[PDB]
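In what follows, a single structure is set out as structure tokens and then discussed.
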Amino acid sequence: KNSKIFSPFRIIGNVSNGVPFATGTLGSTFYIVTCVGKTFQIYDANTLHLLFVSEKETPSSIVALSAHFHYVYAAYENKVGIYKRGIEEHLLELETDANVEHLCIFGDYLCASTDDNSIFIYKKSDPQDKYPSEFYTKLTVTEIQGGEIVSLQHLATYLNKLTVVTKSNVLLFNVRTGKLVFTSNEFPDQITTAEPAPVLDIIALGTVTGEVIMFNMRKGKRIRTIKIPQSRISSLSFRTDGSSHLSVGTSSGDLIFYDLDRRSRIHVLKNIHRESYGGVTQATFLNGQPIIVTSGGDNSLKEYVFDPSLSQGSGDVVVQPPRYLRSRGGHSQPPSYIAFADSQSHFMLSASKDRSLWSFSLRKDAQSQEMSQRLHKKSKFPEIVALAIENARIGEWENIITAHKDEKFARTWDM
Amino acid sequence: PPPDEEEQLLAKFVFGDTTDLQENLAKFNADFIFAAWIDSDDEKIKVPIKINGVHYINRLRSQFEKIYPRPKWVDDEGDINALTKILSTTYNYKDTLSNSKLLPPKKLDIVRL
Amino acid sequence: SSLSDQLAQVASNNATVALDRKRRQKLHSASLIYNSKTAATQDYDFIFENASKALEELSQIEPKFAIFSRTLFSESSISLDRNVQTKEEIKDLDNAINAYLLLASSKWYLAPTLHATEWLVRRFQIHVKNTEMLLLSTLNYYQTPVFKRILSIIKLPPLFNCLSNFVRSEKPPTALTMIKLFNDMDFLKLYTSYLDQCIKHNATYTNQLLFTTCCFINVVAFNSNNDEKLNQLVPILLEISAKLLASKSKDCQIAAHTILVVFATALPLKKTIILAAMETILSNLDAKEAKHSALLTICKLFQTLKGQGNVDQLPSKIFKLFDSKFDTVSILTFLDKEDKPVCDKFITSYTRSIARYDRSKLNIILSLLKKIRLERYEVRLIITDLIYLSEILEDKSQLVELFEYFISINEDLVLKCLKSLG
Amino acid sequence: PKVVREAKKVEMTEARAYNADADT
Amino acid sequence: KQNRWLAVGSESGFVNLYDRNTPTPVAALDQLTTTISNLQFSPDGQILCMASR
Amino acid sequence: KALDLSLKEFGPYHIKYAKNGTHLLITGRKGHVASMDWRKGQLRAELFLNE
Amino acid sequence: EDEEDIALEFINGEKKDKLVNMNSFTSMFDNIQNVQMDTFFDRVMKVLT
């Protein structure tokens, strides 16, 4: 399987495979880590210019990503790998065949949940250690305690407590002592998404039937209930720019923003991500800015910006609608044909079964654009089956020729 | 002895005191013009700076509220308001034409074969 | 950000500083009663003297104006400069101004208001700081010469760019232009808060309401073709309508009726929205003119309905609410008049409601069908359930008479309902 | 005239965030 | 079943519609610019197609 | 009156205050100098010389 | 009798309402001054009705 002439380098045109992305800050630079099959890529929020890539491909597909400063924790099968700048430094191997699903890293505790409802706790060998390595203990949640684990979350100002969220309800476990300290009341609807709110002791819960719950742990009681009938929550996030805004992502591909102070809907973004590919898999507000990052299974990562209000007074009332800032994307299906655009080897033309022709950059810019299908005067075209390109006459006339499936003519394109 | 009310009125005029104006201005209201979890570990655990866990949590509690100001919603917890409720529930207000047996007046859904 | 853009922010912050002589004339020259040359010559004491007299006239017409004599039009206020007042003191200053403009909104036609507001413009520079609120109070005086004077001395906010043409222009803003400003979705949400400000305080007055009803009605008209625009008009103008209905004022409730009626014809809505519309319409229905308008509004909303359940019976809570606010005699009078609007869909829904809930009212059903001709499918539905009544409910003289009425009119179709049902 | 809506540009600013090491 | 609609062509192309349920036309269609050659209703009568050669 | 502007194009910038204090001159190290009055909010003259 | 017959009868039953067009309420501004609002809503219905 190893070549003496060739070795894998990286993947082009794939920004996200559908796994939720993880975000972090390195000094003044914010970065976004996205899973790409058996490898991951880190993009700079300022420009969506890639920074680092995995040195090697994992033996198994990565299930979940967690990013903490210079270290990103990736889980595949029963092993959790700790990566730095895309370089593998220390690998965490679980003692059970059960594969990992949900990861939470707070302080020196690394928490991994397997499909068998077993949570593995790891701790730093030294207080100044950079990453947890040592195995602290194992905590398993049984069916009587709760249902299948939805996600592992840790709230701020909690001393060694893991807010385990299950389909049935939420459970509070003290990792240091390994005891179930509190069980929340059963919820009628299945929980799908859990997001810690910027407020304290309140964690947002997304159900399968369009319900968002501001469950306050401290009171052990519901605080609020947003209703989105005929919808399923896929992601949640809060605005930390000083405005109490909550972004609700849905599997239908719609991202909704609420003014939770005003109990009103600021705006709705429709069909940002394809419903067939899972809609909005992940939508996170950037920490302390009006920028929200959204992703989906359609191989697209997108940015929105909230423009400051146009009204001198009652600025909280007149909220500018979200706007296209920048995005990276590519084919939604495997490419059918590939070719080298220029001798300098800086851009690639690529066609896939999604009826689209795309140009991908091979440099750190990661620039990507879909060649326009708008016709000159004298739905997408059928699938490209063959293509030829030359560069003797770029800028003078058409130089690309393409053949389509079940089509009796060929169309030309200009690079 | 404290000054008389008459003296205060004269003092206000001379020194240009405007505090009475601002207090009325501040009092201006437009309407008038018109233990779920108890963990033994947290009590016993002692954290070096050495302070008790509960007091440490409260200070770390108090540290967080400096980091992020608390918003007002967390404080917050026939019928006339039915319209406001339904508008909140749905962002779709077009009646689905699939049920409607009468075609739309202006928009014709037509596809070539 | 470029230094010029950042610097433009600095200039806006220090707009009213009056640091040099040249800045002072521009700020002081602005006036609503006098021209620029004379305005530069009139002094704060002179302006305050006229304003103080003006408020006394304003106090007599409405006692509420007398309060501002203690706060805004005080002799001490001559020495108050906003530039030297700290951050918390400005909002309280802003709040007191904002309420005064609400009072002046209904009295702009009166001359004393203009003199009283001159002190605010000259002393507190409301035209520079509270530019949005002053204009937003004076939208309905657009043809009045005052609004032209306001445009000349005022710098328009970004949302009011449509009025830039009429700043220092001999023609006043036309009927057509406010529609464009009111078309913009940002402003409608801006205006909404101000209407919400008046309704909580009951500041809505007819001349205000009349202007507003036309405008929302026109904005629906201006966006009639564009379907998706109408869809995003739904969250805003209805929740305005829900508020106006909540108001005890009869004028507000009817203003809600007109907007609901036109939009439903412009845009077909879900039934749950239509049924919910009733319960807010009927919940606060007390005035004599409001119920007359509400009943007409109610009938139209069914005429817009074109989906299954178009003529189904009203829910229990809705039906009970309707008969309380409109006894059966009233609708008989409603149907009696020759100029009655098309309400066959409502009556078909209403008659089916009578059968399911009220056994005593069956003899009144016979009267309704005679008064108004129901559509053939609607008659078919009324026959359908009445057959169920005979099987379940005991036979009655009124009940058999209802069939005998169907026997007399279109005998053959009564057999179809019987054939299809038993 | 149409209502002018300016894109301008957005530059992010560093913000203080709570540290989970104190939680541990 | 009985027809509830009746449309009359003309060389100018006007299509006067009559409700079959002296008669007065419900409307006088005035779009097609030429002698009307084709008048056909939908099977349910909810659509009228008017065309000229 | 407290004025803070962030710009990195020709940093660092040396700040000098007129004797009367009305007009502000800031000169960038890589060569941009702008003459402006902080109270007015009006830039007086701008030089983009790349020296 | 078939359900499609009932459908066709419902299609026959519907009767017109005049559609709201671009210039239908434009004249309303002209006669907005010093008019009772009940008569205002009457005029709105009249242009509608």
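Within each chain, counting starts at residue 1; across the structure tokens, chains are named A, B, ... in the order shown, with ligands numbered 1 upward in that order.
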
Task: chain A residues near chain D (10 Å cut-off, only C-alpha atoms) as a PyMOL selection string - done: chain A and resi 25+27-30+45-46+105-109+127+154-161+176+240-241+286-291+305-307+310+320+323+325

TODO: Considering only C-alpha atoms, extract the chain B residues located within 12 Å of chain E and return them as a ChimeraX atom specification.
DONE: /B:101-106,108

Just want the 10 Å neighbourhood of range 3-14 of chain E, counted on only C-alpha atoms, with same-chain residues fewer than 3 positions away dropped. Output as a PDB file with N, CA and C atoms, in the first residue's frame.
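For reference, around.pdb as written:
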```pdb
ATOM      1  N   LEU E  17     -66.196  37.502 -22.284  1.00  0.00           N
ATOM      2  CA  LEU E  17     -66.572  36.335 -21.499  1.00  0.00           C
ATOM      3  C   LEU E  17     -67.955  36.565 -20.910  1.00  0.00           C
ATOM      4  N   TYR E  18     -68.795  35.536 -20.970  1.00  0.00           N
ATOM      5  CA  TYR E  18     -70.141  35.576 -20.420  1.00  0.00           C
ATOM      6  C   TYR E  18     -70.319  34.435 -19.431  1.00  0.00           C
ATOM      7  N   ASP E  19     -70.982  34.730 -18.315  1.00  0.00           N
ATOM      8  CA  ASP E  19     -71.279  33.740 -17.286  1.00  0.00           C
ATOM      9  C   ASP E  19     -72.637  33.129 -17.605  1.00  0.00           C
ATOM     10  N   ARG E  20     -72.630  31.878 -18.064  1.00  0.00           N
ATOM     11  CA  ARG E  20     -73.857  31.222 -18.503  1.00  0.00           C
ATOM     12  C   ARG E  20     -74.796  30.892 -17.350  1.00  0.00           C
ATOM     13  N   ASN E  21     -74.308  30.883 -16.113  1.00  0.00           N
ATOM     14  CA  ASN E  21     -75.143  30.556 -14.960  1.00  0.00           C
ATOM     15  C   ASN E  21     -76.335  31.504 -14.854  1.00  0.00           C
ATOM     16  N   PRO E  25     -71.172  41.075 -20.705  1.00  0.00           N
ATOM     17  CA  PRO E  25     -69.960  40.279 -20.473  1.00  0.00           C
ATOM     18  C   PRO E  25     -69.343  40.588 -19.117  1.00  0.00           C
ATOM     19  N   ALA E  27     -66.165  40.331 -18.496  1.00  0.00           N
ATOM     20  CA  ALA E  27     -64.969  41.093 -18.818  1.00  0.00           C
ATOM     21  C   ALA E  27     -64.770  41.080 -20.325  1.00  0.00           C
ATOM     22  N   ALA E  28     -63.957  42.020 -20.801  1.00  0.00           N
ATOM     23  CA  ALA E  28     -63.613  42.149 -22.216  1.00  0.00           C
ATOM     24  C   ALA E  28     -62.095  42.025 -22.329  1.00  0.00           C
ATOM     25  N   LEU E  29     -61.618  40.793 -22.484  1.00  0.00           N
ATOM     26  CA  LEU E  29     -60.188  40.544 -22.614  1.00  0.00           C
ATOM     27  C   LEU E  29     -59.646  41.276 -23.836  1.00  0.00           C
ATOM     28  N   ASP E  30     -58.512  41.967 -23.667  1.00  0.00           N
ATOM     29  CA  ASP E  30     -57.992  42.852 -24.706  1.00  0.00           C
ATOM     30  C   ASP E  30     -56.474  42.773 -24.865  1.00  0.00           C
ATOM     31  N   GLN E  31     -55.886  41.569 -24.855  1.00  0.00           N
ATOM     32  CA  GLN E  31     -54.426  41.480 -24.903  1.00  0.00           C
ATOM     33  C   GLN E  31     -53.924  41.107 -26.296  1.00  0.00           C
ATOM     34  N   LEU E  32     -54.300  39.929 -26.800  1.00  0.00           N
ATOM     35  CA  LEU E  32     -53.781  39.456 -28.075  1.00  0.00           C
ATOM     36  C   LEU E  32     -54.151  40.433 -29.176  1.00  0.00           C
ATOM     37  N   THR E  33     -53.177  40.758 -30.015  1.00  0.00           N
ATOM     38  CA  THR E  33     -53.247  41.953 -30.839  1.00  0.00           C
ATOM     39  C   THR E  33     -53.935  41.709 -32.178  1.00  0.00           C
ATOM     40  N   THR E  34     -54.323  40.474 -32.473  1.00  0.00           N
ATOM     41  CA  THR E  34     -54.738  40.101 -33.813  1.00  0.00           C
ATOM     42  C   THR E  34     -55.985  39.225 -33.777  1.00  0.00           C
ATOM     43  N   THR E  35     -56.428  38.845 -34.975  1.00  0.00           N
ATOM     44  CA  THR E  35     -57.636  38.045 -35.127  1.00  0.00           C
ATOM     45  C   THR E  35     -57.508  36.740 -34.355  1.00  0.00           C
ATOM     46  N   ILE E  36     -58.450  36.506 -33.447  1.00  0.00           N
ATOM     47  CA  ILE E  36     -58.383  35.357 -32.550  1.00  0.00           C
ATOM     48  C   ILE E  36     -58.744  34.114 -33.357  1.00  0.00           C
ATOM     49  N   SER E  37     -57.895  33.088 -33.279  1.00  0.00           N
ATOM     50  CA  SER E  37     -58.085  31.861 -34.042  1.00  0.00           C
ATOM     51  C   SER E  37     -58.388  30.648 -33.175  1.00  0.00           C
ATOM     52  N   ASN E  38     -58.021  30.671 -31.894  1.00  0.00           N
ATOM     53  CA  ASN E  38     -58.187  29.521 -31.015  1.00  0.00           C
ATOM     54  C   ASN E  38     -58.772  29.970 -29.686  1.00  0.00           C
ATOM     55  N   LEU E  39     -59.909  29.384 -29.317  1.00  0.00           N
ATOM     56  CA  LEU E  39     -60.517  29.572 -28.006  1.00  0.00           C
ATOM     57  C   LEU E  39     -60.834  28.203 -27.429  1.00  0.00           C
ATOM     58  N   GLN E  40     -60.150  27.838 -26.346  1.00  0.00           N
ATOM     59  CA  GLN E  40     -60.373  26.553 -25.700  1.00  0.00           C
ATOM     60  C   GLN E  40     -60.273  26.722 -24.193  1.00  0.00           C
ATOM     61  N   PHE E  41     -61.161  26.044 -23.477  1.00  0.00           N
ATOM     62  CA  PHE E  41     -61.193  26.055 -22.023  1.00  0.00           C
ATOM     63  C   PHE E  41     -60.529  24.799 -21.472  1.00  0.00           C
ATOM     64  N   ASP E  44     -61.922  21.567 -16.580  1.00  0.00           N
ATOM     65  CA  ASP E  44     -62.743  22.084 -15.492  1.00  0.00           C
ATOM     66  C   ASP E  44     -63.219  23.511 -15.737  1.00  0.00           C
ATOM     67  N   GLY E  45     -62.728  24.170 -16.785  1.00  0.00           N
ATOM     68  CA  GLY E  45     -63.132  25.532 -17.069  1.00  0.00           C
ATOM     69  C   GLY E  45     -62.436  26.587 -16.242  1.00  0.00           C
ATOM     70  N   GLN E  46     -61.361  26.231 -15.540  1.00  0.00           N
ATOM     71  CA  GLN E  46     -60.628  27.184 -14.717  1.00  0.00           C
ATOM     72  C   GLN E  46     -59.584  27.977 -15.493  1.00  0.00           C
ATOM     73  N   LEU E  48     -58.695  29.627 -19.560  1.00  0.00           N
ATOM     74  CA  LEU E  48     -59.016  29.900 -20.957  1.00  0.00           C
ATOM     75  C   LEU E  48     -57.734  30.241 -21.698  1.00  0.00           C
ATOM     76  N   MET E  50     -56.399  31.685 -25.246  1.00  0.00           N
ATOM     77  CA  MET E  50     -56.760  32.441 -26.433  1.00  0.00           C
ATOM     78  C   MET E  50     -55.497  32.637 -27.262  1.00  0.00           C
ATOM     79  N   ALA E  51     -55.588  32.356 -28.564  1.00  0.00           N
ATOM     80  CA  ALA E  51     -54.432  32.403 -29.450  1.00  0.00           C
ATOM     81  C   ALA E  51     -54.864  32.822 -30.849  1.00  0.00           C
ATOM     82  N   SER E  52     -53.909  33.374 -31.601  1.00  0.00           N
ATOM     83  CA  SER E  52     -54.157  33.942 -32.922  1.00  0.00           C
ATOM     84  C   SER E  52     -53.094  33.482 -33.909  1.00  0.00           C
TER      85      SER E  52
ATOM     86  N   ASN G  12     -66.835  25.065  -9.298  1.00  0.00           N
ATOM     87  CA  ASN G  12     -67.900  25.913  -9.827  1.00  0.00           C
ATOM     88  C   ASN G  12     -68.357  26.934  -8.792  1.00  0.00           C
TER      89      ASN G  12
END
```

- [ ] Output the contact residues of chain A with respect to chain C at a cut-off of 8 Å, based on only C-alpha atoms, as number ranges by chain.
- [x] A: 310-314, 317-320

Selected residues written out, N, CA and C atoms, as a PDB file, in the first residue's frame:
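Result went into out_12.pdb, see below:
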```pdb
ATOM      1  N   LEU A 310     -28.428  50.764  11.209  1.00  0.00           N
ATOM      2  CA  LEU A 310     -28.482  51.999  10.440  1.00  0.00           C
ATOM      3  C   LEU A 310     -29.231  53.118  11.155  1.00  0.00           C
ATOM      4  N   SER A 311     -29.807  52.851  12.324  1.00  0.00           N
ATOM      5  CA  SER A 311     -30.574  53.838  13.072  1.00  0.00           C
ATOM      6  C   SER A 311     -29.739  54.364  14.231  1.00  0.00           C
ATOM      7  N   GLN A 312     -29.711  55.690  14.387  1.00  0.00           N
ATOM      8  CA  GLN A 312     -28.963  56.286  15.491  1.00  0.00           C
ATOM      9  C   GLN A 312     -29.528  55.857  16.837  1.00  0.00           C
ATOM     10  N   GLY A 313     -30.856  55.835  16.968  1.00  0.00           N
ATOM     11  CA  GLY A 313     -31.494  55.399  18.188  1.00  0.00           C
ATOM     12  C   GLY A 313     -32.257  54.111  17.955  1.00  0.00           C
ATOM     13  N   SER A 314     -32.496  53.395  19.053  1.00  0.00           N
ATOM     14  CA  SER A 314     -33.141  52.083  19.008  1.00  0.00           C
ATOM     15  C   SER A 314     -32.389  51.150  18.059  1.00  0.00           C
ATOM     16  N   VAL A 317     -33.419  47.677  18.051  1.00  0.00           N
ATOM     17  CA  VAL A 317     -34.605  47.371  17.259  1.00  0.00           C
ATOM     18  C   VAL A 317     -34.213  47.091  15.814  1.00  0.00           C
ATOM     19  N   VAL A 318     -33.675  48.095  15.124  1.00  0.00           N
ATOM     20  CA  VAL A 318     -33.346  47.972  13.701  1.00  0.00           C
ATOM     21  C   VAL A 318     -32.040  47.189  13.627  1.00  0.00           C
ATOM     22  N   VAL A 319     -32.161  45.891  13.362  1.00  0.00           N
ATOM     23  CA  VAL A 319     -31.019  44.995  13.233  1.00  0.00           C
ATOM     24  C   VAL A 319     -30.813  44.698  11.756  1.00  0.00           C
ATOM     25  N   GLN A 320     -29.614  44.977  11.257  1.00  0.00           N
ATOM     26  CA  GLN A 320     -29.320  44.714   9.858  1.00  0.00           C
ATOM     27  C   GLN A 320     -29.383  43.211   9.589  1.00  0.00           C
TER      28      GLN A 320
END
```

Using only C-alpha atoms, find which residues of chain A lie within 7 Å of chain B and jot them down as an mmCIF file with C-alpha atoms, in the first residue's frame.
```cif
data_model
loop_
_atom_site.group_PDB
_atom_site.id
_atom_site.type_symbol
_atom_site.label_atom_id
_atom_site.label_comp_id
_atom_site.auth_asym_id
_atom_site.auth_seq_id
_atom_site.Cartn_x
_atom_site.Cartn_y
_atom_site.Cartn_z
ATOM 1 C CA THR A 157 -17.566 27.736 36.994
ATOM 2 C CA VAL A 181 -24.394 14.230 41.450
ATOM 3 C CA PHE A 182 -27.721 15.204 39.836
ATOM 4 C CA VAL A 199 -24.926 32.897 30.911
ATOM 5 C CA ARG A 218 -28.999 25.550 39.140
ATOM 6 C CA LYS A 219 -32.784 25.747 39.505
ATOM 7 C CA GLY A 220 -33.139 22.321 37.873
ATOM 8 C CA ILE A 223 -36.458 28.904 32.008
ATOM 9 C CA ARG A 224 -37.735 29.398 28.437
ATOM 10 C CA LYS A 227 -41.015 26.682 19.389
ATOM 11 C CA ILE A 228 -40.190 25.867 15.758
ATOM 12 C CA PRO A 229 -42.970 23.435 14.741
ATOM 13 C CA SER A 244 -28.423 38.493 23.276
ATOM 14 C CA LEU A 260 -33.942 36.515 23.069
ATOM 15 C CA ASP A 261 -34.279 39.812 24.959
ATOM 16 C CA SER A 264 -38.797 38.055 18.560
#
```

Strand (DSSP E or B) call set, DSSP backbone run, chain E, as a PDB file with N, CA, C and O atoms, in the first residue's frame:
```
ATOM      1  N   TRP E   5     -69.439  28.904 -18.787  1.00  0.00           N
ATOM      2  CA  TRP E   5     -68.640  29.953 -19.405  1.00  0.00           C
ATOM      3  C   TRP E   5     -68.917  30.008 -20.899  1.00  0.00           C
ATOM      4  O   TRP E   5     -69.254  28.995 -21.519  1.00  0.00           O
ATOM      5  N   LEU E   6     -68.777  31.205 -21.467  1.00  0.00           N
ATOM      6  CA  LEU E   6     -68.976  31.434 -22.891  1.00  0.00           C
ATOM      7  C   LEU E   6     -68.107  32.606 -23.319  1.00  0.00           C
ATOM      8  O   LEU E   6     -68.263  33.715 -22.800  1.00  0.00           O
ATOM      9  N   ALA E   7     -67.202  32.358 -24.264  1.00  0.00           N
ATOM     10  CA  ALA E   7     -66.263  33.360 -24.749  1.00  0.00           C
ATOM     11  C   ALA E   7     -66.482  33.587 -26.239  1.00  0.00           C
ATOM     12  O   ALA E   7     -66.660  32.632 -27.002  1.00  0.00           O
ATOM     13  N   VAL E   8     -66.458  34.855 -26.647  1.00  0.00           N
ATOM     14  CA  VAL E   8     -66.758  35.260 -28.017  1.00  0.00           C
ATOM     15  C   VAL E   8     -65.511  35.893 -28.617  1.00  0.00           C
ATOM     16  O   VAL E   8     -65.003  36.890 -28.092  1.00  0.00           O
ATOM     17  N   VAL E  15     -61.973  39.149 -26.482  1.00  0.00           N
ATOM     18  CA  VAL E  15     -62.638  37.926 -26.052  1.00  0.00           C
ATOM     19  C   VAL E  15     -63.592  38.298 -24.926  1.00  0.00           C
ATOM     20  O   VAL E  15     -63.182  38.384 -23.761  1.00  0.00           O
ATOM     21  N   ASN E  16     -64.859  38.514 -25.269  1.00  0.00           N
ATOM     22  CA  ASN E  16     -65.884  38.832 -24.287  1.00  0.00           C
ATOM     23  C   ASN E  16     -66.337  37.551 -23.605  1.00  0.00           C
ATOM     24  O   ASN E  16     -66.814  36.625 -24.268  1.00  0.00           O
ATOM     25  N   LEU E  17     -66.196  37.502 -22.284  1.00  0.00           N
ATOM     26  CA  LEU E  17     -66.572  36.335 -21.499  1.00  0.00           C
ATOM     27  C   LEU E  17     -67.955  36.565 -20.910  1.00  0.00           C
ATOM     28  O   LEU E  17     -68.251  37.656 -20.413  1.00  0.00           O
ATOM     29  N   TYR E  18     -68.795  35.536 -20.970  1.00  0.00           N
ATOM     30  CA  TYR E  18     -70.141  35.576 -20.420  1.00  0.00           C
ATOM     31  C   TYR E  18     -70.319  34.435 -19.431  1.00  0.00           C
ATOM     32  O   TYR E  18     -69.864  33.313 -19.672  1.00  0.00           O
ATOM     33  N   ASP E  19     -70.982  34.730 -18.315  1.00  0.00           N
ATOM     34  CA  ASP E  19     -71.279  33.740 -17.286  1.00  0.00           C
ATOM     35  C   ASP E  19     -72.637  33.129 -17.605  1.00  0.00           C
ATOM     36  O   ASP E  19     -73.674  33.782 -17.440  1.00  0.00           O
ATOM     37  N   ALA E  27     -66.165  40.331 -18.496  1.00  0.00           N
ATOM     38  CA  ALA E  27     -64.969  41.093 -18.818  1.00  0.00           C
ATOM     39  C   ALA E  27     -64.770  41.080 -20.325  1.00  0.00           C
ATOM     40  O   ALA E  27     -65.334  40.247 -21.039  1.00  0.00           O
ATOM     41  N   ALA E  28     -63.957  42.020 -20.801  1.00  0.00           N
ATOM     42  CA  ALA E  28     -63.613  42.149 -22.216  1.00  0.00           C
ATOM     43  C   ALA E  28     -62.095  42.025 -22.329  1.00  0.00           C
ATOM     44  O   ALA E  28     -61.374  43.024 -22.272  1.00  0.00           O
ATOM     45  N   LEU E  29     -61.618  40.793 -22.484  1.00  0.00           N
ATOM     46  CA  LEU E  29     -60.188  40.544 -22.614  1.00  0.00           C
ATOM     47  C   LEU E  29     -59.646  41.276 -23.836  1.00  0.00           C
ATOM     48  O   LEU E  29     -60.240  41.219 -24.916  1.00  0.00           O
ATOM     49  N   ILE E  36     -58.450  36.506 -33.447  1.00  0.00           N
ATOM     50  CA  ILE E  36     -58.383  35.357 -32.550  1.00  0.00           C
ATOM     51  C   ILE E  36     -58.744  34.114 -33.357  1.00  0.00           C
ATOM     52  O   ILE E  36     -59.762  34.087 -34.052  1.00  0.00           O
ATOM     53  N   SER E  37     -57.895  33.088 -33.279  1.00  0.00           N
ATOM     54  CA  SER E  37     -58.085  31.861 -34.042  1.00  0.00           C
ATOM     55  C   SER E  37     -58.388  30.648 -33.175  1.00  0.00           C
ATOM     56  O   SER E  37     -58.955  29.674 -33.685  1.00  0.00           O
ATOM     57  N   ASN E  38     -58.021  30.671 -31.894  1.00  0.00           N
ATOM     58  CA  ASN E  38     -58.187  29.521 -31.015  1.00  0.00           C
ATOM     59  C   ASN E  38     -58.772  29.970 -29.686  1.00  0.00           C
ATOM     60  O   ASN E  38     -58.197  30.829 -29.012  1.00  0.00           O
ATOM     61  N   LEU E  39     -59.909  29.384 -29.317  1.00  0.00           N
ATOM     62  CA  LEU E  39     -60.517  29.572 -28.006  1.00  0.00           C
ATOM     63  C   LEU E  39     -60.834  28.203 -27.429  1.00  0.00           C
ATOM     64  O   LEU E  39     -61.686  27.487 -27.965  1.00  0.00           O
ATOM     65  N   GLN E  40     -60.150  27.838 -26.346  1.00  0.00           N
ATOM     66  CA  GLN E  40     -60.373  26.553 -25.700  1.00  0.00           C
ATOM     67  C   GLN E  40     -60.273  26.722 -24.193  1.00  0.00           C
ATOM     68  O   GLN E  40     -59.405  27.445 -23.696  1.00  0.00           O
ATOM     69  N   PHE E  41     -61.161  26.044 -23.477  1.00  0.00           N
ATOM     70  CA  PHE E  41     -61.193  26.055 -22.023  1.00  0.00           C
ATOM     71  C   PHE E  41     -60.529  24.799 -21.472  1.00  0.00           C
ATOM     72  O   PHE E  41     -60.424  23.773 -22.147  1.00  0.00           O
ATOM     73  N   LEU E  48     -58.695  29.627 -19.560  1.00  0.00           N
ATOM     74  CA  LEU E  48     -59.016  29.900 -20.957  1.00  0.00           C
ATOM     75  C   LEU E  48     -57.734  30.241 -21.698  1.00  0.00           C
ATOM     76  O   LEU E  48     -56.990  31.133 -21.276  1.00  0.00           O
ATOM     77  N   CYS E  49     -57.479  29.535 -22.796  1.00  0.00           N
ATOM     78  CA  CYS E  49     -56.366  29.842 -23.684  1.00  0.00           C
ATOM     79  C   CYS E  49     -56.913  30.500 -24.944  1.00  0.00           C
ATOM     80  O   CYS E  49     -57.809  29.959 -25.601  1.00  0.00           O
ATOM     81  N   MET E  50     -56.399  31.685 -25.246  1.00  0.00           N
ATOM     82  CA  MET E  50     -56.760  32.441 -26.433  1.00  0.00           C
ATOM     83  C   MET E  50     -55.497  32.637 -27.262  1.00  0.00           C
ATOM     84  O   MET E  50     -54.444  32.975 -26.714  1.00  0.00           O
ATOM     85  N   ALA E  51     -55.588  32.356 -28.564  1.00  0.00           N
ATOM     86  CA  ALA E  51     -54.432  32.403 -29.450  1.00  0.00           C
ATOM     87  C   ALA E  51     -54.864  32.822 -30.849  1.00  0.00           C
ATOM     88  O   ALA E  51     -56.016  32.635 -31.250  1.00  0.00           O
ATOM     89  N   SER E  52     -53.909  33.374 -31.601  1.00  0.00           N
ATOM     90  CA  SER E  52     -54.157  33.942 -32.922  1.00  0.00           C
ATOM     91  C   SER E  52     -53.094  33.482 -33.909  1.00  0.00           C
ATOM     92  O   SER E  52     -51.930  33.297 -33.541  1.00  0.00           O
TER      93      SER E  52
END
```

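Going from CA of residue 329 in chain A to CA of residue 207 in chain A covers 28.9 Å.
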
Just need the residues of chain G within 10 Å of chain E, counting only C-alpha atoms, so spit them out as a PDB file with C-alpha atoms, in the first residue's frame.
```pdb
ATOM      1  CA  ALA G   7     -64.398  18.753  -6.401  1.00  0.00           C
ATOM      2  CA  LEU G   8     -65.807  20.091  -9.669  1.00  0.00           C
ATOM      3  CA  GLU G   9     -68.810  21.513  -7.826  1.00  0.00           C
ATOM      4  CA  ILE G  11     -64.593  24.653  -8.420  1.00  0.00           C
ATOM      5  CA  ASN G  12     -67.900  25.913  -9.827  1.00  0.00           C
TER       6      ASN G  12
END
```

Task: Residues near residue 32 in chain G, cut-off 10 Å, only C-alpha atoms, skip fewer than 6 positions along chain, as a ChimeraX atom specification - done: /C:207,210-211,214 /G:40

- [ ] Could you give me, as a list in words, the residues within 10 Å of residue 416 in chain C, counting only C-alpha atoms and dropping anything in the same chain fewer than 6 positions from it?
- [x]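 Here the answer would be residues 380, 383, 384 and 422 of chain C; 1 of chain G.
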
Open item on the list: Please return, as a VMD selection string, all residues of chain B that DSSP assigns to alpha helix (DSSP H) on the basis of the backbone.
Closed with: chain B and resid 5 to 15 19 to 27 30 to 33 40 to 44 53 to 67 82 to 89
